[PDB]
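J.: Submitted below is the structure of interest, expressed as structure tokens.
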Amino acid sequence: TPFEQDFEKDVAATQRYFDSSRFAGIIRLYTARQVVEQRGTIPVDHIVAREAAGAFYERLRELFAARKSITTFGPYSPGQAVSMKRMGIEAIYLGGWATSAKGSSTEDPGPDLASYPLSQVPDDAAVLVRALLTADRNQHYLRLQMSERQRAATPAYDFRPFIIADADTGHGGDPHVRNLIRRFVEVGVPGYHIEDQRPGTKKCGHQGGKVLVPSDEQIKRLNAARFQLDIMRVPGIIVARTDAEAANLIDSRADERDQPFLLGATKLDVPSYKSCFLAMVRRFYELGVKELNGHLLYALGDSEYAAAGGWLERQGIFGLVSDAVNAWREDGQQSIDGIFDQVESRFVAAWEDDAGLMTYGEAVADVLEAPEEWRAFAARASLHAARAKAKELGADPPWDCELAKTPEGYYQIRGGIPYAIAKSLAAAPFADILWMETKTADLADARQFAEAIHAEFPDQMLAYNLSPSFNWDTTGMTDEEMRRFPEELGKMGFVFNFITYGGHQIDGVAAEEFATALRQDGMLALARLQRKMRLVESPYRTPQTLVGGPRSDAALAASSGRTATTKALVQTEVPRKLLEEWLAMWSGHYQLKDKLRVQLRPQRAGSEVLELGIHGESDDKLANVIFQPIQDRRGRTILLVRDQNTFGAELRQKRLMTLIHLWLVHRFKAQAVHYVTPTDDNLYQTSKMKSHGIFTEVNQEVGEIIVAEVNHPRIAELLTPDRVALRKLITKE
Amino acid sequence: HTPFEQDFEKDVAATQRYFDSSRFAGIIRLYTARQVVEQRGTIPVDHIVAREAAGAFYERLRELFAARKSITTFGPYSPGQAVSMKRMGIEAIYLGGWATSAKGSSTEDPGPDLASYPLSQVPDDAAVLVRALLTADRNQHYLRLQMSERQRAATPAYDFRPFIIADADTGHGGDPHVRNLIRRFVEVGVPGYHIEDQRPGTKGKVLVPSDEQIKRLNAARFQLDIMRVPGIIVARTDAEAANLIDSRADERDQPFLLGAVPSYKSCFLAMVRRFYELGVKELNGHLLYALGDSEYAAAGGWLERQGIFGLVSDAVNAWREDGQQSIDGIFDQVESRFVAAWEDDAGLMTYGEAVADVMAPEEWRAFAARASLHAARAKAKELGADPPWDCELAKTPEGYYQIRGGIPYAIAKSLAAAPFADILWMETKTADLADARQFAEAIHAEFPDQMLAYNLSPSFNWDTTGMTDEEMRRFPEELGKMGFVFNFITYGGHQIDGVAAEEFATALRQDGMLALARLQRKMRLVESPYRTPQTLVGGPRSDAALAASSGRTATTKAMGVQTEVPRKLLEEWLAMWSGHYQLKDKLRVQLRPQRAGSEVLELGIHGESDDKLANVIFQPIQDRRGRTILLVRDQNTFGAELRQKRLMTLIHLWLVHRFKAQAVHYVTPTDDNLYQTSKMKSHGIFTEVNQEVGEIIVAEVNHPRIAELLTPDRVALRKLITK
Amino acid sequence: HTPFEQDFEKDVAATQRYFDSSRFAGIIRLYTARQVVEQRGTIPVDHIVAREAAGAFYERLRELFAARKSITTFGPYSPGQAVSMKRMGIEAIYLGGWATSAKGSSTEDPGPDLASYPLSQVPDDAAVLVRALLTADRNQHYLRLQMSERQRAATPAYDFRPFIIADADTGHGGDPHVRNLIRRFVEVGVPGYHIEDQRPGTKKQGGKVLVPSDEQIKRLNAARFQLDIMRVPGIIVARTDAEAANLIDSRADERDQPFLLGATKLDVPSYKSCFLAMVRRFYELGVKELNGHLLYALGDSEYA
Ligand SMILES: CC(=O)SCCNC(=O)CCNC(=O)[C@H](O)C(C)(C)COP(=O)(O)OP(=O)(O)OC[C@H]1O[C@@H](n2cnc3c(N)ncnc32)[C@H](O)[C@@H]1OP(=O)(O)O
Ligand SMILES: CC(=O)SCCNC(=O)CCNC(=O)[C@H](O)C(C)(C)COP(=O)(O)OP(=O)(O)OC[C@H]1O[C@@H](n2cnc3c(N)ncnc32)[C@H](O)[C@@H]1OP(=O)(O)O
């Protein structure tokens, strides 16, 4: 029947899609049929996400093969996202941290607990996608107005939405994951990252209490994600993150893959950690601190309280409680917060110490005093399997992991890179990119991970996070090592590397500076910003054009049939064009035939150190000057020159650099020029420039500094608009 | 009287007292206390955030108005920016439609400021700011409770009250739209709102009549009264730059109406039809109208006589010559010449100007300026003047009347609105104190107590004004003197957000992770809260919440380097110095940029009273190989009795160590500077010292001697201080 | 011709064909194919739900028009009601501002039909209906796949295509507002929209204010422009409220001028003057409540 044919057709199409190279080495826990059953009859098409996912994945694969990588950050505004793409960053990251910090109209801003509605990050992403798509429409409108030559001169930016957004833990089970993924796709996001934490379990300001889930639950999240993406015909990029490097807890011991990393007590005559904790709290309560009534949460038996009480007595913890409660009364019954913390820390240490906390592998290893054969077996063995092997070998050490459980019921695990590897390997067949969460930026830790993964999956693309809070200047790395760090990640197969909430940070610094500047220097604060924007030729210079006014006018013209009523320059800096005209004379006299362009930008971003460059038709830098203007206390300006070049030998001793100096002196109203660590050429140059009368006086501490005082009469003479004196200078008359 | 009637009378009385309070002195309501109470229903509501903010914010503005002072602010583009400006000590916040338009939302594409977003858009934006501020306050207060009383007197507490004036555009329609818009602002906690006298969706600037503007303001006040919020209503006029108005009905606008030949409309459509007929199919705007043959004929005749049809032929030929591309540019050329021709021939002027051409001259001008059309005609006919004047003839195709925009019209509008508004605001493009004065003086002549507001366009090129840097610095203070109490850089946040993103993206591609290192260094130097971002967003208070929620059962415990030479080092050296010369004064070291975001630093030594005893304004510079030089531009040991005791030598030792300096350059040194550096050479701090008297000192650092002095035993250092 | 120029010319040609298709027979556009393509940018988008619904829905209406037949429907107040009426075999759905006003939202108090809600309000309502219909279809189709061939022939399959004509009120302002409103409808899958010739925020029998025909036409043209950009052949319904209207906010348009009322006894003072004078008398006789005259600055001569 037509009905059956339509079905078989889509199943076949879906099957081809499944079997395409895109999903090589990917396992699905469902059939093409199971996907088509969900799709209904009325066509839908999430084209933005579909096309973005394709190009973005192909591009990452390309960079993986070349051992290169994208290095990006999280934009905190649509403007920031559009800006990054102009500056030529290929892809964008969007994180839950910044989403948490920003809040919304109904969500108070706060810490990254992923406590917002699951719609929060997609809602944020939607703004970025609309910003990018709009930027593209505005760019394309302007480019249509341009001539072919203008189009080859002005650059076209790539505003495709290559985004990998934060899906947190999935915000629940499979219905939550699918809903979350659906919301991302619908707004055009092609990439999503899911971590192996338990939801609503995150702590701030502690180096403890990070709770993982079993690997089977993580895998089902990834599989659920893939299912949803398949239904929607979007080849979305699934990033599987593990938090196992820094984790201490897991909410279940059911999965065999996690059981090697379970910690347990070896001294079994010790009472449970839970019992001992609650007994300690109950003692505080009984001694009269009514505040600490946490024990009322549980219904623990008298036998357990007794046993636990005995242990706390022996170890002198009950002693510390008495002392603490007495200190509490002495102070005069104030916040117990600080005093309780003191006792708890000492209690935890005492329990850990006495209980003999280790893995089952470590426990059986102690009884065997081959050693290294066992470690390898333990690391890949379930609990039931490891016990069987040990008993066969005549080892049967006392080991109980139930005894080490927290009050909530979370089991303790040995966090570290080995555990991160174990988890990531299990997840590799269900994910396109793997990511080990890290606090510390360290290439050795990254290598350990990357090598272990690639040993079993040579084609597995990776991702590396860079915490904005991590103090880089405590690593002891050189500036040059810091510069190369992103490239070193790329070499190890980490293709997508991100400064999570970079946008949040730069947004803050900028607001602080401008607010301070406005109170300090009034409207000069805005003047200085505007100057900065003109120098780098920022689009924000003309903000009406930036947001898309030209295209909007066009729309109004179309809407109104051109009936809508539309009827009713002072120089701020010495223009680059002036030097280009001088270089036209110079190029003429020496008969060079190369049209010379002048460029003046900061040598690096947001630097006071400028670089003037002379560029040929091939865009080769013929000459340059790296300098920085400095004012004295009265506002008198000095040009400080750190480097200069007329790179071509056959362009030297023709006063090319003298023309540049004349422009720089005029542009910056310079009274003097200081050359720091001059060369021989520099001594010869400045001495002759003194003879031509550009400088009145020239002092030279050979090898260290040249100080050249400007001859203002002679500058004025050369700058006369008739260019008589200037023509003589160029021709050497 | 029944309980029902008593409850009513009570609230009416309470509402009447509220009406009559000094807060609303000189304010006219077009409704009674009864009319407000009958809207309120039975079930209590309380918009406390907006209510309390409005009270404090209004009192504060009144305070600043009487002292001839003012708040100078900008529009934050993020909740972080809004919280930041309050830390930096800015008292109030502006929120504008421009930035809201530019940002967009999950369902709104970002774009130009046409106020084409849903009326909920700006309130939704404001809600984030209010929540950010309220949360900042809760986080601050939590931390301050943990502090001791001496820590609380040491650390400063910032004011995070939501003093916001948000953009209500044109009101987004009639009274139901205005009330809905105001309601949405109040519900999210905004205490101030600004409404302009434009026609919606016309952003060629079209005003509305003053009666419509007033009804918007009155509608706003009504809604605020219902909600028991003494909200700050800002009445803006766009009449300074306007050319059109969508009605001639209001008497207050009639003095500014321009009037005249065939109608401007007929002549325009005939011109367009000619382009169409000559073969430019693109220009078919004439199909919008059903203009009669008689009108087309008349209009055609006029265009022929004046040679406009001539210009069309020429234009269409140029269009074909180029090769039939966009007519946009060519049509504009012709339209401009056409407009000029029509204006010229029609004799386009106000009715006052028309009768003036035909009682003294100056007596008439004064009468015309305050007279309706019917009134001005009556007076003229009585005086035996009856000039030909038709304003219908000058109407645009849409039907908008033409008006004489300018500061005089802005004044006329603002004066009519003054009894219904708390703050008046003349929209301006150009920053100009003379234009501001003209406005301020005219308003204050009739309303001495009327508070004003001044907008500062981010796009306005300040360096084209010809003002000095010092004049630019004083501009905000000069506004404050003329009674402009609230002055704002509309979308400042948008601009600074952009520059920051450009720089960091460029920095990241240029210097990799050093781009982040440098940002972090900057944050440490100014001691920014963003240094510890976990604390900033409110982690400490969140942990407390988790402890309460869990009864301290939730597991938080586990089982199984100096980045810069610290200021403290110098403080310890100054403790030795203070000791030897027996000063009782504990000396504090401060090193911040001399002005915001500058490479030029200022090290300052501060006493217990926070008086600056000494300072050094310097800036580190690298050569091409990375070698560092300290460039000193100024230096002071301000107290004469603290001089020649090697105070400045200790500071230099620290600066040289902190910045790994190989040399020190002093630019435009004084005599004291020559004496100082010469003696510092004798103590061995410098190896060589060259001095071009009055111009520059170059001092090369003696690394052996620096290392010696920095030895942790401080033997050499002790000798230096005491000798 | 460069690849850039070729891609442009291609889309303009495609757009021109679309313009000239029979679908838009007798329809005037005040803009060119070029002016539409200029707006579209580079990155593909596709509003397929609205596009396909618009096609089928328009063809079906044309069919019924030629047969002198019609769809008789109502406005569903819930997604359940919308799905239900399709089961009962009603072909198309209406969605009105009245019900949207009466229902309110999480931030909008329910109230009279003044179209004072944000312009996003009715599209937000429509989005629920479209999702309800699309979901009903997916649920139906899932069950029908489980059924045998015989069962399929037995049990009827309902048509849950989103044939909706939704209320765009007056356009909620000028062309930017209309285009934004239309865009929001299309994005959620609505293929039909109705725009009336009233002045916004003017609704109250009597006191019904119309706008000139040139302004109404520009709304419709602005709507068409937006639909063309988005490649959706959307059904534009032009409503007139002129049957019961008494007022118009301008006399500029020639088409309305035949219907203008005027005074023939010219020795009578203006209606405005007489109204304000009446109110001022109440005020002067001591009713302080009636101070509406303070809104205007009417001269002494006019008051006299
Ligand atoms: C700035 C610093 O602190 S680092 C030192 C700068 N950079 C370098 O040393 C890199 C190598 N050097 C160079 O590239 C070039 O020689 C530069 C940049 C120093 C000078 O560039 P040029 O284009 O040659 O300078 P320009 O032509 O303006 O020279 C000005 C005068 O000095 C003369 N001059 C320049 N270099 C020399 C030389 N090596 N020997 C003799 N005379 C010289 C020129 O002939 C000219 O005088 P003239 O026209 O009367 O003969
Ligand atoms: C920095 C520029 O670009 S120009 C700005 C210069 N600033 C001023 O002129 C402001 C007023 N002057 C001053 O405050 C001083 O010049 C300052 C800034 C040097 C501060 O002075 P001090 O804190 O006394 O500097 P300090 O004591 O470290 O001087 C180092 C040596 O020079 C000596 N010295 C300082 N001033 C004098 C002087 N006027 N005459 C002789 N010797 C002097 C000191 O005694 C010391 O040597 P000694 O103790 O072995 O004899």
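We're sticking with Swiss-Prot numbering for chain A, so the shown stretch reads 12-380, 392-590, 601-765, in order.
Going by what the header records, the deposited coordinates were determined by X-ray crystallography, 2.7 Å.
From the backbone N, Cα and C atoms, a Cβ is placed for every residue, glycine too.
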J.: Please state which member of A:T277, A:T462, A:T522 Swiss-Prot lists alongside A:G106, A:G107, A:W108, A:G216, A:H217, A:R252, A:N487, A:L488, A:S489, A:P490, A:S491 for binding substrate.
T.: A:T522
J.: Tell me the Cα distance separating A:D177 (Mg(2+) binding site) from A:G106 (substrate binding site), rounded to the nearest angstrom.
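T.: Distance (Cα to Cα, whole Å): 5 Å.
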J.: Please state how far apart, in Å and to a whole number, the two most distant Cα atoms are among A:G106, A:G107, A:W108, A:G216, A:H217, A:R252, A:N487, A:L488, A:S489, A:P490, A:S491, A:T522, the recorded substrate-binding residues.
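T.: With A:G106, A:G107, A:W108, A:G216, A:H217, A:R252, A:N487, A:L488, A:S489, A:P490, A:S491, A:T522 as the binding residues for substrate, the largest Cα distance is 22 Å.
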J.: Work out how many Å separate A:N487 (substrate binding site) and A:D177 (Mg(2+) binding site) at their Cα atoms, rounded off.
T.: 12
J.: Is there any among the recorded positions A:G106, A:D177, A:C215, A:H217, A:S491 whose Cβ is under 8 Å from chain B, and which ones, in sequence order?
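T.: Cβ contacts with B, in sequence order: A:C215, A:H217, A:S491.
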J.: Quick one: pull the CA-CA distance for A:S489 (substrate binding site) versus A:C215 (active site, proton acceptor), whole Å only.
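T.: Between the alpha carbons of A:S489 (substrate binding site) and A:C215 (active site, proton acceptor) there are 15 Å.
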J.: Sort out for me which one of A:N487, A:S489 has the most neighbouring CB atoms within 10 A, since those are the binding-site residues we care about.
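T.: Most Cβ neighbours within 10 Å: A:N487.
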J.: Does DSSP put A:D177 (Mg(2+) binding site) in a helix, in a strand, or in coil?
T.: strand
J.: Including all protein chains displayed, how many Cβ atoms other than that of A:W108 (substrate binding site) lie within 10 Å of its Cβ?
T.: 21
J.: A:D177 (Mg(2+) binding site) to A:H217 (substrate binding site): how many Å between their Cα atoms?
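T.: Cα-Cα, rounded: 23 Å.
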J.: Test of understanding: give the count of other CB atoms lying within 10 angstroms of the CB of A:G106 (substrate binding site).
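T.: A 10 Å sphere around the Cβ of A:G106 (substrate binding site) contains 26 other Cβ atoms.
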J.: On the three-state reduction of DSSP, what should I expect for A:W108 (substrate binding site)?
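T.: DSSP assigns A:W108 (substrate binding site) to helix.
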